[PDB]
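A.B. asks: One structure follows; several queries about it will come next.
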Amino acid sequence: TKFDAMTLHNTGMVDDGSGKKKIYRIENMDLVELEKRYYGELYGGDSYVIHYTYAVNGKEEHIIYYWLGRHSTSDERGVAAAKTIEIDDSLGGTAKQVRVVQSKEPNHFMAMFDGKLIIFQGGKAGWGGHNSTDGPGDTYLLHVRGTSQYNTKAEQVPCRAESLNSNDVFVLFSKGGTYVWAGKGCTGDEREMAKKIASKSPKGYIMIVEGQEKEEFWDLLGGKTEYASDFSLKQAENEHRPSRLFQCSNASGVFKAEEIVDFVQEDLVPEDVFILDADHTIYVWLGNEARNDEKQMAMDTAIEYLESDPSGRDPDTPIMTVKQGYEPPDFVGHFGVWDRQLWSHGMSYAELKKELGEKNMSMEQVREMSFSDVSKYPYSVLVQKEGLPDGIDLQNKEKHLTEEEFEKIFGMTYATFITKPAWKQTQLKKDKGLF
Amino acid sequence: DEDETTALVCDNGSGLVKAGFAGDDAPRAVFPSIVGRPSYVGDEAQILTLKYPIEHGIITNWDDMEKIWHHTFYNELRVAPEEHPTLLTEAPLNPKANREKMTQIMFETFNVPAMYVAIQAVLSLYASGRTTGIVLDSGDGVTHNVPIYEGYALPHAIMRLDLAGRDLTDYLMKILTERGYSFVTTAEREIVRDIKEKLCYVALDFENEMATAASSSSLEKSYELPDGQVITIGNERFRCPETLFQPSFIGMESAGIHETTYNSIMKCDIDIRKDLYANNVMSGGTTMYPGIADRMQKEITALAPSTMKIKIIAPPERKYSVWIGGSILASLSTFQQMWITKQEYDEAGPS
Ligand SMILES: Nc1ncnc2c1ncn2[C@@H]1O[C@H](COP(=O)(O)OP(=O)(O)O)[C@@H](O)[C@H]1O
Ligand SMILES: [Ca+2]
Ligand SMILES: [Ca+2]
Ligand SMILES: [Ca+2]
Ligand SMILES: [Ca+2]
Ligand SMILES: [Ca+2]
């Protein structure tokens with residue numbers, strides 16, 4: 001009957017990105033200018049400094065981008081930052097300095113490369129020594145994905161079948177030949193850059209469609225295994241509900257859920273809890289360093305999401321919980337490229353199932369009181385302080401005891417124990433080792 | 001040999017000296033910044049008459065500091081200061097003459113080839129991989145909030161608080177004596193720091209976390225002294241770090257590390273504040289308490305607009321972020337332009 005005015009009360013690419021770019025890469029504690037030939041190619045283990053000079057309306061101003069790879073050591077990140085200052089000071093302070101991290105590039109940055117960026121997995125040595133995987137190889141796999149236009153990226157993935165996703169296309173470079181896998185929801189712009197990338201092969205490409213995968217294919221990917229084959233990902237977002245991710249945290253002092261749009265793996269913080277909506281499933285990502293206050297409230301607030309769904313509830317929608325490092329290939333598909341070297345020690349989900357026992361990796365699904373409503377655990381369980389069965393009110397551990405065994409330990413019923421004074425309740429509990 | 005000239009970096013720390021060779025993941029030698037008399041230097045010290053040269057992050061016993069630098073160069077690092085250039089750190093607001101006597105001391109009693117002086121907090125932003133941000137360097141004896149924009153500090157907002165690690169350890173000794181223990185054997189001060197550094201943590205809501213301490217034993221942990229005795233620390237775990245947010249605990253009247261950061265950010269330009277709000281880098285050993293990042297997001301979110309994204313940055317290796325910064329800076333092959341040569345000293349004085 002009234003419109004709360006707070007409903008209403010609740011950035012641009014300064015140029016076309018067509019100016020000149022001078023890409024310098026952090027090598028050996030110094031800046032090495034990249035050859036123009038390798039423009040559009042960044043290594044996720046090395047940091048880069050990009051110098052964009054542009055004149056808009058006859059006004060020459062300067063922007064310095066320092067792109068920090070996800071696996072670039074602290075030494076390269078500092079050298080990237082330290083030299084962006086020096087190229088700024090050389091321009092006298094006329095430069096605006098912008099920090100770019102892998103998988104979260106701004107719109108202007110991707111425009112400088114016409115939206116075609118190739119991020120190999122590798123890099124030069126860090127802290128001045130050892131392995132330098134500066135070669136993609138004779139055999140590698142690439143992942144072409146576009147959240148919106150102007151961001152069509154190709155990133156090197158582990159040459160395994162699990163890495164395959166349905167919303168995207170892939171390019172396999174082998175000694176035998178180059179093949180281009182096509183997914184059910186492969187947008188044209190993604191499919192195009194794959195062919196443009198695959199066309200570099202003097203041998204050519206052989207496009208493959210999902211389902212029509214010949215056997216010579218998997219013998220190069222090592223063999224078949226379940227990849228990101230979800231209903232939502234196979235379709236195109238024109239018809240399936242847009243995959244959404246929310247961040248739940250008490251860090252602001254109040255438990256809140258905030259939407260993360262264009263979500264990727266880096267957006268996940270191991271200190272807070274996240275919820276992913278996929279229509280068919282709703283996942284609860286539990287940070288390893290997350291708070292038990294956050295975890296529970298996220299598990300519950302997820303249920304309030306199914307109920308207040310402004311559409312068909314489908315009340316048996318699986319609200320499943322996942323743990324950092326034990327992510328299934330269907331949870332990762334709504335994100336872009338998933339790196340296992342971060343939290344899963346570089347092991348695929350299948351390799352994790354073998355070592356961790358499959359059962360231990362099983363995703364659990366979400367499903368003041370009287371004495372009856374309290375789960376009764378034995379006295380030996382509640383008397384300890386060391387990893388006791390969870391779900392116990394550690395403040396009032398006396399309730400998790402039975403009415404019978406209560407009278408043997410305390411000498412009275414819980415009905416009389418609560419009518420005793422509070423200083424007595426805290427005293428008798430500590431005596432019986434149940435504080 | 002060292003025709004590349006192996007460089008060196010020293011963080012002149014209020015309570016701990018962090019020094020090593022440039023181009024390494026971390027410093028090789030970390031020893032306490034103490035000089036003792038009945039010479040006696042380092043952890044070898046603990047009847048004595050101890051003194052702190054850099055008690056408040058600035059050097060006062062100027063020539064006395066030479067002995068500490070000597071201990072670093074000759075005994076801890078096992079190096080010859082004549083053959084290796086040096087990178088020295090300075091406080092956020094060092095006296096203009098503080099640097100000059102450092103310049104002279106290096107070039108004279110040690111005959112260093114070259115030297116450079118860098119702000120401790122500007123080094124910390126380099127390890128973080130950023131040029132813009134406000135740093136909190138909570139050390140042993142002093143804490144500083146230093147806004148940094150595009151590589152250089154903003155001195156109109158550099159702020160300082162003298163509440164830091166050593167004060168917290170003493171407050172733990174008090175509340176632990178209040179708990180019914182008694183360790184003041186001067187050597188036993190380190191046992192308390194081991195308790196602090198391993199069993200303490202910061203609470204998001206001090207009042208709520210204090211209430212659970214009297215209605216339960218959940219937060220209670222146990223510590224084995226070297227005498228084999230197992231003592232139990234309870235509400236003290238979060239009380240010791242809470243002094244940083246409520247300086248009244250030890251008696252000071254200053255504001256806490258949450259308010260000082262707000263004041264410092266607000267003394268800056270409105271447009272640079274968002275990046276300063278989204279790049280709140282943390283440095284120092286006293287920023288290594290569990291949960292300090294969460295509360296600092298909480299407290300700052302309150303005193304700040306409802307539409308400001310607050311991001312507290314906590315590099316895993318922040319106890320040595322200053323050293324890691326200099327090792328990066330010194331190892332720059334473009335740092336010879338900023339080195340000060342011995343000839344330039346003889347010609348221009350320390351200047
Ligand atoms: N894990 C930890 N938890 C809490 N405090 C710590 C931890 N590690 C070190 N400290 C404290 O940090 C202080 C040292 O910090 P540091 O950065 O060396 O100071 P400065 O650089 O001013 O010398 C010590 O007083 C120590 O008590
Ligand atoms: Ca590298
Ligand atoms: Ca500038
Ligand atoms: Ca896609
Ligand atoms: Ca949190
Ligand atoms: Ca310091």
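Here, A, B, ... name the chains of the structure tokens in the order displayed, residue numbers run from 1 inside each chain, and ligands are numbered from 1 in the same displayed order.
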Give the strand (DSSP E or B) residues of range 37-116 of chain B, as DSSP finds them on the backbone, and put them as a ChimeraX atom specification.
C.D. replies: /B:40-41,51,86-90,114-116
A.B. asks: Which residues come within 10 Å of range 61-71 of chain B, counting only C-alpha atoms, excluding same-chain residues fewer than 3 positions away, as a PDB file with N, CA and C atoms, in the first residue's frame?
C.D. replies:
```pdb
ATOM      1  N   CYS B  10      68.440  -4.955   5.924  1.00  0.00           N
ATOM      2  CA  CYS B  10      68.234  -4.973   7.364  1.00  0.00           C
ATOM      3  C   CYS B  10      67.002  -4.160   7.713  1.00  0.00           C
ATOM      4  N   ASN B  12      65.362  -2.385  10.645  1.00  0.00           N
ATOM      5  CA  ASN B  12      65.666  -1.863  11.975  1.00  0.00           C
ATOM      6  C   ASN B  12      64.374  -1.882  12.776  1.00  0.00           C
ATOM      7  N   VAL B  17      65.378  -7.603  15.122  1.00  0.00           N
ATOM      8  CA  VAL B  17      66.183  -7.240  13.959  1.00  0.00           C
ATOM      9  C   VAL B  17      66.020  -8.332  12.913  1.00  0.00           C
ATOM     10  N   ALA B  19      67.180  -9.379   9.191  1.00  0.00           N
ATOM     11  CA  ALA B  19      68.202  -9.068   8.204  1.00  0.00           C
ATOM     12  C   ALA B  19      68.619 -10.336   7.473  1.00  0.00           C
ATOM     13  N   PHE B  31      67.069 -11.573  15.222  1.00  0.00           N
ATOM     14  CA  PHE B  31      67.541 -11.538  16.600  1.00  0.00           C
ATOM     15  C   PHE B  31      67.007 -10.286  17.288  1.00  0.00           C
ATOM     16  N   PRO B  32      66.771 -10.349  18.603  1.00  0.00           N
ATOM     17  CA  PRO B  32      66.145  -9.219  19.307  1.00  0.00           C
ATOM     18  C   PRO B  32      67.043  -7.985  19.359  1.00  0.00           C
ATOM     19  N   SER B  33      66.409  -6.811  19.298  1.00  0.00           N
ATOM     20  CA  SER B  33      67.108  -5.516  19.281  1.00  0.00           C
ATOM     21  C   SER B  33      67.314  -5.007  20.711  1.00  0.00           C
ATOM     22  N   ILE B  34      68.266  -5.627  21.405  1.00  0.00           N
ATOM     23  CA  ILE B  34      68.552  -5.308  22.800  1.00  0.00           C
ATOM     24  C   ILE B  34      70.058  -5.265  23.016  1.00  0.00           C
ATOM     25  N   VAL B  35      70.499  -4.314  23.838  1.00  0.00           N
ATOM     26  CA  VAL B  35      71.889  -4.173  24.256  1.00  0.00           C
ATOM     27  C   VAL B  35      71.910  -4.280  25.773  1.00  0.00           C
ATOM     28  N   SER B  39      80.492  -6.860  26.502  1.00  0.00           N
ATOM     29  CA  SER B  39      79.146  -6.443  26.126  1.00  0.00           C
ATOM     30  C   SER B  39      78.241  -7.660  25.961  1.00  0.00           C
ATOM     31  N   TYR B  40      76.928  -7.437  25.978  1.00  0.00           N
ATOM     32  CA  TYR B  40      75.961  -8.526  25.883  1.00  0.00           C
ATOM     33  C   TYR B  40      74.829  -8.131  24.945  1.00  0.00           C
ATOM     34  N   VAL B  41      74.642  -8.909  23.876  1.00  0.00           N
ATOM     35  CA  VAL B  41      73.714  -8.562  22.807  1.00  0.00           C
ATOM     36  C   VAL B  41      72.928  -9.808  22.404  1.00  0.00           C
ATOM     37  N   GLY B  42      71.660  -9.603  22.045  1.00  0.00           N
ATOM     38  CA  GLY B  42      70.824 -10.669  21.522  1.00  0.00           C
ATOM     39  C   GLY B  42      70.114 -11.453  22.606  1.00  0.00           C
ATOM     40  N   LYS B  51      68.651  -2.236  27.588  1.00  0.00           N
ATOM     41  CA  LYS B  51      68.216  -0.994  26.969  1.00  0.00           C
ATOM     42  C   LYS B  51      67.715  -1.309  25.569  1.00  0.00           C
ATOM     43  N   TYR B  52      66.782  -0.492  25.094  1.00  0.00           N
ATOM     44  CA  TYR B  52      66.229  -0.660  23.756  1.00  0.00           C
ATOM     45  C   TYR B  52      66.623   0.541  22.912  1.00  0.00           C
ATOM     46  N   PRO B  53      67.479   0.369  21.901  1.00  0.00           N
ATOM     47  CA  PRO B  53      67.847   1.527  21.073  1.00  0.00           C
ATOM     48  C   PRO B  53      66.678   2.073  20.283  1.00  0.00           C
ATOM     49  N   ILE B  54      65.881   1.195  19.677  1.00  0.00           N
ATOM     50  CA  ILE B  54      64.762   1.603  18.839  1.00  0.00           C
ATOM     51  C   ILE B  54      63.451   1.336  19.570  1.00  0.00           C
ATOM     52  N   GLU B  55      63.398   1.674  20.856  1.00  0.00           N
ATOM     53  CA  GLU B  55      62.243   1.363  21.705  1.00  0.00           C
ATOM     54  C   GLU B  55      60.909   1.844  21.138  1.00  0.00           C
ATOM     55  N   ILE B  58      62.096   4.642  16.458  1.00  0.00           N
ATOM     56  CA  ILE B  58      63.111   5.614  16.075  1.00  0.00           C
ATOM     57  C   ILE B  58      64.331   5.381  16.951  1.00  0.00           C
ATOM     58  N   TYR B  74      78.485  -9.085  11.442  1.00  0.00           N
ATOM     59  CA  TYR B  74      79.646  -9.942  11.653  1.00  0.00           C
ATOM     60  C   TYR B  74      79.322 -11.296  12.275  1.00  0.00           C
ATOM     61  N   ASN B  75      78.360 -11.373  13.196  1.00  0.00           N
ATOM     62  CA  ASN B  75      78.086 -12.636  13.878  1.00  0.00           C
ATOM     63  C   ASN B  75      76.852 -13.366  13.356  1.00  0.00           C
ATOM     64  N   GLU B  76      75.723 -12.672  13.190  1.00  0.00           N
ATOM     65  CA  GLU B  76      74.515 -13.349  12.724  1.00  0.00           C
ATOM     66  C   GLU B  76      74.597 -13.684  11.240  1.00  0.00           C
ATOM     67  N   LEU B  77      74.928 -12.698  10.406  1.00  0.00           N
ATOM     68  CA  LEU B  77      74.969 -12.924   8.966  1.00  0.00           C
ATOM     69  C   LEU B  77      76.288 -13.521   8.499  1.00  0.00           C
ATOM     70  N   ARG B  78      77.335 -13.433   9.317  1.00  0.00           N
ATOM     71  CA  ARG B  78      78.663 -13.961   9.000  1.00  0.00           C
ATOM     72  C   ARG B  78      79.160 -13.415   7.664  1.00  0.00           C
ATOM     73  N   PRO B  81      80.963  -6.427   5.962  1.00  0.00           N
ATOM     74  CA  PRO B  81      80.195  -5.280   5.444  1.00  0.00           C
ATOM     75  C   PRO B  81      80.916  -4.472   4.376  1.00  0.00           C
ATOM     76  N   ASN B  98      67.962  11.597  11.193  1.00  0.00           N
ATOM     77  CA  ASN B  98      68.075  10.190  11.558  1.00  0.00           C
ATOM     78  C   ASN B  98      68.682   9.388  10.413  1.00  0.00           C
ATOM     79  N   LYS B 101      72.598  10.294   9.902  1.00  0.00           N
ATOM     80  CA  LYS B 101      73.581   9.638  10.757  1.00  0.00           C
ATOM     81  C   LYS B 101      73.681   8.151  10.438  1.00  0.00           C
ATOM     82  N   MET B 102      72.591   7.543   9.957  1.00  0.00           N
ATOM     83  CA  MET B 102      72.677   6.181   9.431  1.00  0.00           C
ATOM     84  C   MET B 102      73.591   6.131   8.217  1.00  0.00           C
ATOM     85  N   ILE B 105      77.165   6.424   9.544  1.00  0.00           N
ATOM     86  CA  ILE B 105      77.604   5.260  10.314  1.00  0.00           C
ATOM     87  C   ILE B 105      77.946   4.095   9.393  1.00  0.00           C
ATOM     88  N   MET B 106      77.137   3.875   8.357  1.00  0.00           N
ATOM     89  CA  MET B 106      77.414   2.776   7.438  1.00  0.00           C
ATOM     90  C   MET B 106      78.711   3.021   6.675  1.00  0.00           C
ATOM     91  N   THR B 109      82.233   3.357  10.079  1.00  0.00           N
ATOM     92  CA  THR B 109      82.708   2.240  10.889  1.00  0.00           C
ATOM     93  C   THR B 109      82.623   0.898  10.170  1.00  0.00           C
ATOM     94  N   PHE B 110      82.016   0.841   8.988  1.00  0.00           N
ATOM     95  CA  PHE B 110      81.909  -0.406   8.245  1.00  0.00           C
ATOM     96  C   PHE B 110      82.410  -0.324   6.810  1.00  0.00           C
TER      97      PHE B 110
END
```
A.B. asks: Set the cut-off to 7 Å and count only C-alpha atoms: what are the residues of chain B that reach chain A? Output as a PyMOL selection string.
C.D. replies: chain B and resi 23-25+126-127+129-131+150-151+215-218+294-295+297-298+301+328+331-333
A.B. asks: I want to know what sits within 9 Å of residue 123 in chain B, based on only C-alpha atoms, with residues of the same chain fewer than 2 positions away left out; could you give that as a list in words?
C.D. replies: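 The contact residues come out as residues 78 of chain A; 89, 118, 119, 120, 121, 125, 126, 127, 321, 322, 323, 324, 325, 326, 328 and 329 of chain B.
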A.B. asks: Produce a file of the selected residues containing N, CA and C atoms, as a PDB file, in the first residue's frame.
C.D. replies:
```pdb
ATOM      1  N   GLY A  78      56.179  -7.735  -6.488  1.00  0.00           N
ATOM      2  CA  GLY A  78      56.793  -6.490  -6.058  1.00  0.00           C
ATOM      3  C   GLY A  78      57.526  -5.784  -7.181  1.00  0.00           C
TER       4      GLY A  78
ATOM      5  N   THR B  89      66.137   0.016   6.493  1.00  0.00           N
ATOM      6  CA  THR B  89      64.765   0.470   6.639  1.00  0.00           C
ATOM      7  C   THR B  89      64.692   1.626   7.628  1.00  0.00           C
ATOM      8  N   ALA B 118      64.795   3.173   2.970  1.00  0.00           N
ATOM      9  CA  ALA B 118      63.430   3.004   2.497  1.00  0.00           C
ATOM     10  C   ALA B 118      62.476   2.948   3.680  1.00  0.00           C
ATOM     11  N   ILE B 119      61.260   3.444   3.455  1.00  0.00           N
ATOM     12  CA  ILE B 119      60.247   3.462   4.501  1.00  0.00           C
ATOM     13  C   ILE B 119      59.730   2.049   4.729  1.00  0.00           C
ATOM     14  N   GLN B 120      59.686   1.637   6.000  1.00  0.00           N
ATOM     15  CA  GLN B 120      59.266   0.282   6.350  1.00  0.00           C
ATOM     16  C   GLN B 120      57.913  -0.074   5.743  1.00  0.00           C
ATOM     17  N   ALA B 121      56.972   0.875   5.735  1.00  0.00           N
ATOM     18  CA  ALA B 121      55.615   0.561   5.303  1.00  0.00           C
ATOM     19  C   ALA B 121      55.471   0.576   3.789  1.00  0.00           C
ATOM     20  N   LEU B 125      53.890  -2.727   1.199  1.00  0.00           N
ATOM     21  CA  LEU B 125      52.969  -2.728   0.069  1.00  0.00           C
ATOM     22  C   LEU B 125      53.555  -3.443  -1.140  1.00  0.00           C
ATOM     23  N   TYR B 126      54.883  -3.534  -1.231  1.00  0.00           N
ATOM     24  CA  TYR B 126      55.499  -4.188  -2.381  1.00  0.00           C
ATOM     25  C   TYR B 126      55.341  -5.702  -2.306  1.00  0.00           C
ATOM     26  N   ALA B 127      55.488  -6.279  -1.110  1.00  0.00           N
ATOM     27  CA  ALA B 127      55.231  -7.706  -0.944  1.00  0.00           C
ATOM     28  C   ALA B 127      53.772  -8.041  -1.231  1.00  0.00           C
ATOM     29  N   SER B 321      57.207  -8.956   6.048  1.00  0.00           N
ATOM     30  CA  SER B 321      56.855  -8.255   4.816  1.00  0.00           C
ATOM     31  C   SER B 321      57.802  -7.100   4.520  1.00  0.00           C
ATOM     32  N   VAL B 322      58.311  -6.431   5.557  1.00  0.00           N
ATOM     33  CA  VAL B 322      59.268  -5.348   5.347  1.00  0.00           C
ATOM     34  C   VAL B 322      60.560  -5.886   4.747  1.00  0.00           C
ATOM     35  N   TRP B 323      61.096  -6.962   5.327  1.00  0.00           N
ATOM     36  CA  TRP B 323      62.310  -7.563   4.787  1.00  0.00           C
ATOM     37  C   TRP B 323      62.079  -8.077   3.374  1.00  0.00           C
ATOM     38  N   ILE B 324      60.988  -8.823   3.172  1.00  0.00           N
ATOM     39  CA  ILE B 324      60.658  -9.326   1.843  1.00  0.00           C
ATOM     40  C   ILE B 324      60.563  -8.178   0.847  1.00  0.00           C
ATOM     41  N   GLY B 325      60.119  -7.006   1.302  1.00  0.00           N
ATOM     42  CA  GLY B 325      60.056  -5.854   0.417  1.00  0.00           C
ATOM     43  C   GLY B 325      61.432  -5.372  -0.001  1.00  0.00           C
ATOM     44  N   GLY B 326      62.347  -5.251   0.963  1.00  0.00           N
ATOM     45  CA  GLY B 326      63.686  -4.783   0.648  1.00  0.00           C
ATOM     46  C   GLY B 326      64.462  -5.764  -0.209  1.00  0.00           C
ATOM     47  N   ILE B 328      63.221  -7.619  -2.386  1.00  0.00           N
ATOM     48  CA  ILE B 328      62.725  -7.334  -3.728  1.00  0.00           C
ATOM     49  C   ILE B 328      63.347  -6.048  -4.260  1.00  0.00           C
ATOM     50  N   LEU B 329      63.305  -4.982  -3.459  1.00  0.00           N
ATOM     51  CA  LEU B 329      63.796  -3.684  -3.910  1.00  0.00           C
ATOM     52  C   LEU B 329      65.290  -3.730  -4.209  1.00  0.00           C
TER      53      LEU B 329
END
```
A.B. asks: Among range 26-228 of chain B, which ones does DSSP place in alpha helix (DSSP H), written as a ChimeraX atom specification?
C.D. replies: /B:64-70,96-105,120-128,165-178,188-199,206-214
A.B. asks: In Å, rounded to a single decimal, give me how far CA of residue 320 in chain A is from CA of residue 304 in chain A.
C.D. replies: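 Separating CA of residue 304 in chain A from CA of residue 320 in chain A is a distance of 14.3 Å.
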A.B. asks: Residues within 8 Å of ligand 4, counting only C-alpha atoms and all ligand atoms: report them as a PDB file with N, CA, C and O atoms, in the first residue's frame.
C.D. replies:
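Everything below was put into result_35.pdb:
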```
ATOM      1  N   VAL A 144      38.372 -22.142 -23.731  1.00  0.00           N
ATOM      2  CA  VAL A 144      37.841 -20.890 -24.261  1.00  0.00           C
ATOM      3  C   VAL A 144      36.492 -20.621 -23.609  1.00  0.00           C
ATOM      4  O   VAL A 144      35.561 -21.422 -23.748  1.00  0.00           O
ATOM      5  N   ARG A 145      36.374 -19.490 -22.913  1.00  0.00           N
ATOM      6  CA  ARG A 145      35.164 -19.180 -22.163  1.00  0.00           C
ATOM      7  C   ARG A 145      34.898 -17.681 -22.194  1.00  0.00           C
ATOM      8  O   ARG A 145      35.831 -16.876 -22.134  1.00  0.00           O
ATOM      9  N   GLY A 146      33.619 -17.317 -22.286  1.00  0.00           N
ATOM     10  CA  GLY A 146      33.217 -15.925 -22.268  1.00  0.00           C
ATOM     11  C   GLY A 146      32.026 -15.640 -21.374  1.00  0.00           C
ATOM     12  O   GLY A 146      30.908 -16.074 -21.663  1.00  0.00           O
ATOM     13  N   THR A 147      32.255 -14.909 -20.280  1.00  0.00           N
ATOM     14  CA  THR A 147      31.156 -14.526 -19.399  1.00  0.00           C
ATOM     15  C   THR A 147      30.243 -13.516 -20.082  1.00  0.00           C
ATOM     16  O   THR A 147      29.030 -13.729 -20.194  1.00  0.00           O
ATOM     17  N   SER A 166      30.827 -27.847 -20.507  1.00  0.00           N
ATOM     18  CA  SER A 166      29.833 -27.833 -21.575  1.00  0.00           C
ATOM     19  C   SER A 166      29.493 -26.433 -22.066  1.00  0.00           C
ATOM     20  O   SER A 166      29.141 -26.268 -23.239  1.00  0.00           O
ATOM     21  N   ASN A 167      29.588 -25.423 -21.203  1.00  0.00           N
ATOM     22  CA  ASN A 167      29.292 -24.056 -21.613  1.00  0.00           C
ATOM     23  C   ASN A 167      30.401 -23.442 -22.459  1.00  0.00           C
ATOM     24  O   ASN A 167      30.281 -22.278 -22.858  1.00  0.00           O
ATOM     25  N   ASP A 168      31.459 -24.194 -22.761  1.00  0.00           N
ATOM     26  CA  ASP A 168      32.664 -23.641 -23.359  1.00  0.00           C
ATOM     27  C   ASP A 168      33.196 -24.597 -24.422  1.00  0.00           C
ATOM     28  O   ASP A 168      32.688 -25.706 -24.604  1.00  0.00           O
ATOM     29  N   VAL A 169      34.237 -24.151 -25.128  1.00  0.00           N
ATOM     30  CA  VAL A 169      34.919 -24.958 -26.131  1.00  0.00           C
ATOM     31  C   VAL A 169      36.353 -25.201 -25.679  1.00  0.00           C
ATOM     32  O   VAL A 169      36.874 -24.532 -24.782  1.00  0.00           O
ATOM     33  N   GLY A 185      26.543 -25.715 -25.245  1.00  0.00           N
ATOM     34  CA  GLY A 185      26.226 -24.304 -25.135  1.00  0.00           C
ATOM     35  C   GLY A 185      27.346 -23.394 -25.595  1.00  0.00           C
ATOM     36  O   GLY A 185      27.444 -22.248 -25.143  1.00  0.00           O
ATOM     37  N   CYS A 186      28.194 -23.887 -26.497  1.00  0.00           N
ATOM     38  CA  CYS A 186      29.322 -23.099 -26.976  1.00  0.00           C
ATOM     39  C   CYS A 186      28.845 -21.892 -27.772  1.00  0.00           C
ATOM     40  O   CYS A 186      28.290 -22.036 -28.867  1.00  0.00           O
ATOM     41  N   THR A 187      29.041 -20.697 -27.223  1.00  0.00           N
ATOM     42  CA  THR A 187      28.688 -19.488 -27.951  1.00  0.00           C
ATOM     43  C   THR A 187      29.593 -19.338 -29.168  1.00  0.00           C
ATOM     44  O   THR A 187      30.723 -19.832 -29.195  1.00  0.00           O
ATOM     45  N   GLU A 190      33.077 -17.843 -28.677  1.00  0.00           N
ATOM     46  CA  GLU A 190      34.017 -18.809 -28.118  1.00  0.00           C
ATOM     47  C   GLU A 190      34.496 -19.780 -29.188  1.00  0.00           C
ATOM     48  O   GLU A 190      35.702 -20.015 -29.334  1.00  0.00           O
TER      49      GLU A 190
END
```
A.B. asks: Taking into account only C-alpha atoms and all ligand atoms, which residue in the set B:267, B:37, B:319, B:311 is nearest to ligand 1?
C.D. replies: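 Of B:267, B:37, B:319, B:311, the one nearest ligand 1, counting only C-alpha atoms and all ligand atoms, is B:319.
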A.B. asks: Looking at A:182, A:111, A:286, A:6, which one is nearest to residue 194 in chain A, with distances taken over only C-alpha atoms?
C.D. replies: A:182
A.B. asks: Quick one: residues within 7 Å of range 154-163 of chain A, only C-alpha atoms, excluding same-chain residues fewer than 5 positions away - as a ChimeraX atom specification?
C.D. replies: /A:117-121,140-145,221-227,329
A.B. asks: Got a sec: who's within 7 Å of range 283-286 of chain B, counting only C-alpha atoms, leaving out chain neighbours fewer than 6 positions off, as a ChimeraX atom specification?
C.D. replies: /B:124,135-139,164-165,318-319,321
A.B. asks: Keeping only C-alpha atoms, write those residues as an mmCIF file, in the first residue's frame.
C.D. replies:
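Saved file out.cif follows:
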```cif
data_model
loop_
_atom_site.group_PDB
_atom_site.id
_atom_site.type_symbol
_atom_site.label_atom_id
_atom_site.label_comp_id
_atom_site.auth_asym_id
_atom_site.auth_seq_id
_atom_site.Cartn_x
_atom_site.Cartn_y
_atom_site.Cartn_z
ATOM 1 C CA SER B 124 55.267 -3.805 2.908
ATOM 2 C CA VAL B 135 49.341 -0.282 5.904
ATOM 3 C CA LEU B 136 49.178 -1.227 9.572
ATOM 4 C CA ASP B 137 52.645 -2.223 10.780
ATOM 5 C CA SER B 138 52.050 -3.483 14.310
ATOM 6 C CA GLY B 139 55.494 -4.282 15.667
ATOM 7 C CA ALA B 164 52.265 -2.946 20.346
ATOM 8 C CA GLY B 165 53.710 -6.395 20.988
ATOM 9 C CA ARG B 318 53.576 -10.518 7.019
ATOM 10 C CA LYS B 319 55.889 -10.966 10.013
ATOM 11 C CA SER B 321 56.855 -8.255 4.816
#
```
A.B. asks: Given only C-alpha atoms and all ligand atoms as the basis, pick out the residue of B:220, B:194, B:100, B:3 nearest to ligand 1.
C.D. replies: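 Closest residue, counting only C-alpha atoms and all ligand atoms: B:194.
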A.B. asks: In Å, with one decimal, what is the gap from CA of residue 113 in chain B to CA of residue 351 in chain B?
C.D. replies: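 That distance, rounded to one decimal, is 16.1 Å.
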